[PDB]
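**Student:** Sharing a structure, written as structure tokens. Questions coming.
When we count neighbours, we look across all protein chains shown, and the Cβ atoms used for this are built from the backbone with ideal geometry, even at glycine. The numbers here are math on the coordinates, done by the rules we state, and not lab data.
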Amino acid sequence: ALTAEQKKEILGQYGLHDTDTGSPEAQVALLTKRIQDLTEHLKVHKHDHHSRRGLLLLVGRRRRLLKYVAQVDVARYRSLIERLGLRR
Amino acid sequence: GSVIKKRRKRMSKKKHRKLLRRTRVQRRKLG
Amino acid sequence: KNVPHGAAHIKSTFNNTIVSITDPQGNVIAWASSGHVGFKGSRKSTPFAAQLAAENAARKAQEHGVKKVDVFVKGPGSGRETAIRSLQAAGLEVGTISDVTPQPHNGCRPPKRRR
Amino acid sequence: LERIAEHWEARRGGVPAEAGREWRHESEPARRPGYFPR
Amino acid sequence: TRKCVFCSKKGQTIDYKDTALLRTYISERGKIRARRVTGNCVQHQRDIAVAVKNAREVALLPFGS
Amino acid sequence: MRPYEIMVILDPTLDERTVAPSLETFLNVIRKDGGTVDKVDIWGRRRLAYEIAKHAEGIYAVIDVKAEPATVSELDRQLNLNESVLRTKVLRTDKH
RNA sequence: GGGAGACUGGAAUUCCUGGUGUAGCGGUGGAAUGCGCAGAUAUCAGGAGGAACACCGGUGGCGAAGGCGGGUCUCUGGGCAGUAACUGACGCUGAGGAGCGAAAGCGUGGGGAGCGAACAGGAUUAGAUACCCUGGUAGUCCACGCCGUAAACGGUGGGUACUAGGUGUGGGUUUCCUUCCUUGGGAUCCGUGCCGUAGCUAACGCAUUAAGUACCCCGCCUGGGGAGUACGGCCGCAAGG
């Protein structure tokens with residue numbers, strides 16, 4: 001997974017304030033970074049199915065968090081989607 | 001459970017597989 | 001020739017036993033087998049046949065000048081102790097006893113179990 | 001007559017097998033030393 | 001039973017370089033001794049076995065002399 | 001930059017006096033690569049447990065190095081190509 | 001011993017070469033086919049290759065399941081404990097659907113030591129399309145893809161709360177005997193076994209890891225054969241599902 005400095009930088013960038021780590025924005029940003037790293041790893045090891053299952057779990061968790069953020073407030077959802085370069 | 005039921009099922013399955021093997025080319029040519 | 005000190009190799013399988021007195025460099029100078037002393041079939045897996053083969057090999061080594069020997073036993077136990085005892089009893093001095101049985105580190109597949 | 005056969009093929013499954021696996025009435029008793037193994 | 005001499009406050013670290021510390025843990029045939037005979041904990045038993053294998057791989061311990 | 005421990009075995013035919021410079025120029029790849037530090041220790045001329053490459057004795061060397069994974073693999077690859085190195089082994093002195 | 005990749009170690013089997021060396025070896029309940037006398041088996045030295053990793057190693061660990069242990073390095077997934085900083089119900093289940101899924105099998109290309117369906121002899125037998133023996137091809141192995149089944153079983157779907165205890169064992173935090181060496185002992189959280197209450201069950205048994213007491217969601221059953229078969233359809237190169 002990500003190192004402490006990458007987590008610190010992502011949290012400082014996407015966090016709602018300078019302390020929050022459990023906001024849906026911060027969680028979704030960290031999940032997106034983790035998913036990109038996993039996709040790069042799986043591009044080389046095509047037959048690493050056990051890690052692919054973890055990738056699926058992360059994707060599902062991010063989808064649920066985005067569902068919550070969209071239901072709570074659509075403007076935040078749109079801002080996050082445009083800032084992170086996601087489709088849905 | 002008694003293995004008798006498994007025996008009946010296995011004999012039915014074995015006979016059906018034998019029948020399928022005996023008519024493979026005939027089935028291929030009719031289908 | 002004259003080899004005062006040599007090595008004795010005993011291979012005891014489940015249906016035979018082969019004794020070969022060996023020059024310490026690995027050259028064989030006299031060998032006797034369970035079937036070489038008049039046994040055949042299942043008769044040659046018996047400890048008595050092992051005793052006879054060991055005695056015959058010991059004599060055939062003795063006229064070659066072999067006086068002291070060290071044994072290297074090997075194989076499933078059938079007549080190993082009997083073979084060593086017969087080696088000693090035939091006028092041969094037995095120095096050291098070593099069990100060298102090939103032990104794989106889980107390589108190669110054994111044959112299927114008999115029924 | 002089938003149950004009476006008593007030739008080798010009829011008694012090959014009842015002859016004790018293995019060395020330590022399985023036990024039968026006519027199975028060869030294990031050889032035991034004088035002193036306890038310890 | 002017996003003591004895991006490594007869980008103690010004086011437990012020396014397990015290495016593949018110190019040969020004697022491993023020689024005390026293998027039988028006279030060069031085989032690795034069992035845990036119940038040795039008495040050490042599971043983690044230390046794994047450390048010992050790995051160290052013995054590594055030492056064998058660099059010809060510091062015989063492969064079953 | 002992770003810490004590594006490298007143990008090499010050199011054939012005993014060569015003199016023990018030239019072992020230290022020969023390793024020293026070998027570790028020049030790790031040194032100029034990434035500002036990396038070594039602590040070479042030599043305790044050679046020990047008979048091996050089993051014969052290696054038609055040899056019974058060997059010269060043992062222990063190298064403690066802190067470098068990048070790509071650099072160390074490069075050093076390991078070079079060492080095996082050299083004919084005076086009988087065997088070598090790389091450990092990670094980290095938690096691993 | 002969670003997974004993927006790369007490199008690499010030793011024992012053993014087989015084969016090849018060269019010494020010593022002779023007449024048997026091999027196999028069985030007992031033998032014979034078979035190998036050897038053109039120098040076998042045995043013993044020693046050297047070489048080639050493939051596969052599996054003794055001891056550690058267990059009712060012990062990890063994984064959703066299938067499953068996973070020679071060593072090292074690289075990349076990567078999950079779990080647990082403590083603090084409780086953060087968000088503030090974001091939870092559960094899940095028709096269809098998608099993915100993974102032992103072994104055997106299938107396609108293309110390599111590899112092939114041992115084992116070994118088929119196939120050959122030998123033996124046993126009234127007969128042996130078998131059991132046993134000697135050989136032995138696919139296959140087993142690798143790369144990339146298909147297949148999609150298993151006694152794929154704990155024959156026990158998932159989540160949650162509650163309901164006597166006793167005793168092993170794995171991981172972690174902590175108070176007190178304190179030598180603080182010691183499974184010292186306790187408490188606690190998460191696993192994994194055994195024995196046992198209440199309760200449940202036709203019985204066997206289960207029993208805080210429920211088959212007890214309840215709530216939410218899903219799958220399935222409705223006498224035995226015919227039959228998981230025919231017909232039609234979908235998937236598959238085919239086997240077939």
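**Student:** Please enumerate the residues belonging to the stretch E:1-14 that are over 9 Å from the mean Cα position of the chain (by Cα) and under 21 Å from F:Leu91 (Cα atoms).
**Tutor:** Step one: list which residues in the stretch E:1-14 are over 9 Å from the mean Cα position of the chain (by Cα), which gives E:1-13.
Listed by number, the residues that qualify are E:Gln12, E:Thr13.
**Student:** Looking only at the stretch E:33-65, filter to residues that are charged (D, E, K, R) and away from every other protein chain (no Cβ under 14 Å); which one of those is surrounded by the fewest Cβ atoms within 10 Å (Cβ to Cβ)?
**Tutor:** E:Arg36
**Student:** Considering each residue of the stretch F:40-75, count those that are within 14 Å of chain E (Cβ to nearest Cβ) and either more than 11 Å from the chain's Cα centre (by Cα) or assigned to a loop (DSSP other than H, G, I, E, B) (or both), and give that number.
**Tutor:** Step one: of the stretch F:40-75, the residues within 14 Å of chain E (Cβ to nearest Cβ) are F:41-64.
Next, from what is left, pick out any that are either more than 11 Å from the chain's Cα centre (by Cα) or assigned to a loop (DSSP other than H, G, I, E, B) (or both): F:43-58.
Qualifying residue count for the region: 16.
**Student:** Go through the stretch E:28-58 and report how many residues are farther than 25 Å from F:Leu91 by Cα, assigned to a loop (DSSP other than H, G, I, E, B) and more than 7 Å from RNA strand G (Cβ to nearest atom).
**Tutor:** Number of matching residues: 3.
**Student:** I'd like to know if the stretch C:103-113 contains one or more residues that are surrounded by 11 or more Cβ atoms within 10 Å (Cβ to Cβ) and either without any contact (Cβ under 8 Å) to a residue 40 or more places away in the chain or small (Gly, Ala, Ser) (or both).
**Tutor:** No - not one qualifying residue is present in the stretch C:103-113.
**Student:** Can I ask one more? List every residue pair whose Cβ atoms sit under 8 Å apart, with the two residues 6 or more apart in sequence or on different chains, where the first one lies in the stretch A:58-79 and is within 14 Å of chain F (Cβ to nearest Cβ) and near RNA strand G (Cβ under 10 Å from one of its atoms) and the second, anywhere, is assigned to a helix (DSSP H, G or I) and aromatic (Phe, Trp, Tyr).
**Tutor:** Every condition considered, no pair remains.
**Student:** So which residues in the stretch E:3-23 are loosely packed, with under 11 Cβ neighbours inside 10 Å and either farther than 18 Å from E:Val58 by Cα or in contact with a strand residue (DSSP E or B) (Cβ under 6 Å, 6 or more places away or on another chain) (or both), if there are any at all?
**Tutor:** E:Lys3, E:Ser8, E:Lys9, E:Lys10, E:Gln12, E:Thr13
Here is a yes/no grid of residues against (1) under 29 Å from F:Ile59 (Cα atoms); (2) within 7 Å of RNA strand G (Cβ to nearest atom); (3) not in a helix (DSSP H, G or I):
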residue: E:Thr1; (1), (2), (3): no, yes, yes
residue: E:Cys7; (1), (2), (3): no, yes, yes
residue: E:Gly11; (1), (2), (3): no, no, yes
residue: E:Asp15; (1), (2), (3): yes, no, yes
residue: E:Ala20; (1), (2), (3): yes, no, no
residue: E:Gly64; (1), (2), (3): yes, yes, yes
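**Student:** In the list C:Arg59, C:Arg43, which residue meets the criterion of being more than 9 Å from RNA strand G (Cβ to nearest atom), surrounded by fewer than 21 Cβ atoms within 10 Å (Cβ to Cβ) and part of a helix (DSSP H, G or I)?
**Tutor:** Result: C:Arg59 is the single residue among C:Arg59, C:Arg43 that is more than 9 Å from RNA strand G (Cβ to nearest atom), surrounded by fewer than 21 Cβ atoms within 10 Å (Cβ to Cβ) and part of a helix (DSSP H, G or I).
**Student:** Oh, and also: Considering only residues that are farther than 22 Å from E:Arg29 by Cβ, touching a residue at least 24 places away in the same chain (Cβ under 8 Å) and not hydrophobic (A, V, I, L, M, F, W, C), which ones fall in the stretch C:86-102?
**Tutor:** Result: C:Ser86, C:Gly91, C:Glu93.
**Student:** Filter the stretch C:24-81 down to residues that are aromatic (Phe, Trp, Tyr) and under 12 Å from the mean Cα position of the chain (by Cα) and give me whichever is farthest from C:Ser12 (Cα to Cα).
**Tutor:** Per the criteria, the residue is C:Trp31.
**Student:** Kindly evaluate A:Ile35 against the criterion of being away from RNA strand G (no atom under 13 Å from the Cβ), of a type in the set (A, V, I, L, M, F, W, C), surrounded by 13 or more Cβ atoms within 10 Å (Cβ to Cβ) and more than 14 Å from chain F (Cβ to nearest Cβ).
**Tutor:** Values: away from RNA strand G (no atom under 13 Å from the Cβ): no; of a type in the set (A, V, I, L, M, F, W, C): yes; surrounded by 13 or more Cβ atoms within 10 Å (Cβ to Cβ): yes; more than 14 Å from chain F (Cβ to nearest Cβ): yes.
Here the answer is no, as A:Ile35 does not meet what is asked.
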